[PDB]
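In the entry's author numbering, the protein residues as written are 2 to 152.
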């Protein structure tokens, strides 16, 4: 009945009434603080056809403090760490307690075809993205197919 859980319940209600395209997610049945979500690869991009599973972990400090979001499906992206951790400014220092699960997933969806070049978490990817966009798309297609083994 804590404030964090109450907000997360509202987050779910809003996400269900009007879910963004290619975006869905729900709290694990044993812990509302831990969710699971799915982001479909944006339409006309190299991530096209992707079915990416994500994990979202909230603390009791939510919504004041952002959750940590990691891709469960394998990933190849400039802003994604080896453990699947997503490096996204709104989850770090540009975080606003007004952002909800729908907004977070939507941003991560947009981040797919528009990598933040500030500080890559994945070097090989930031390199191929700028210096060999053909090899980059090859390895992304490899991740797209593997993402099907998840859902």
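We put the CB at the ideal spot given by N, CA and C, even for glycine.
Are the Cβ atoms of residue 126 and residue 64 separated by less than 8 Å? No, these two residues do not count as a Cβ contact at 8 Å.
Start and end residues, beta strand (DSSP E) containing residue 24: Its beta strand (DSSP E) spans residues 24-29.
Excluding the 5 residues flanking residue 153 on each side, which residues of the same chain have their C-beta closer than 7 Å to its C-beta? Because residue 153 is not part of the residues shown, which for the chain are 2 to 152, the question remains open.
Backbone secondary structure at residue 58 - three-state DSSP: Secondary structure of residue 58 (DSSP, three-state): strand.
Give the DSSP-derived three-state secondary structure of residue 38 in the structure shown. Strand, per DSSP.
Note down, one range per segment and in chain order, each beta strand (DSSP E) of at least 3 residues found wholly within the segment 55-101. Listed in chain order, they are 69-72.
Where does residue 107 fall in DSSP's three states? Judged by DSSP in its simplified three-state form, residue 107 adopts helix.
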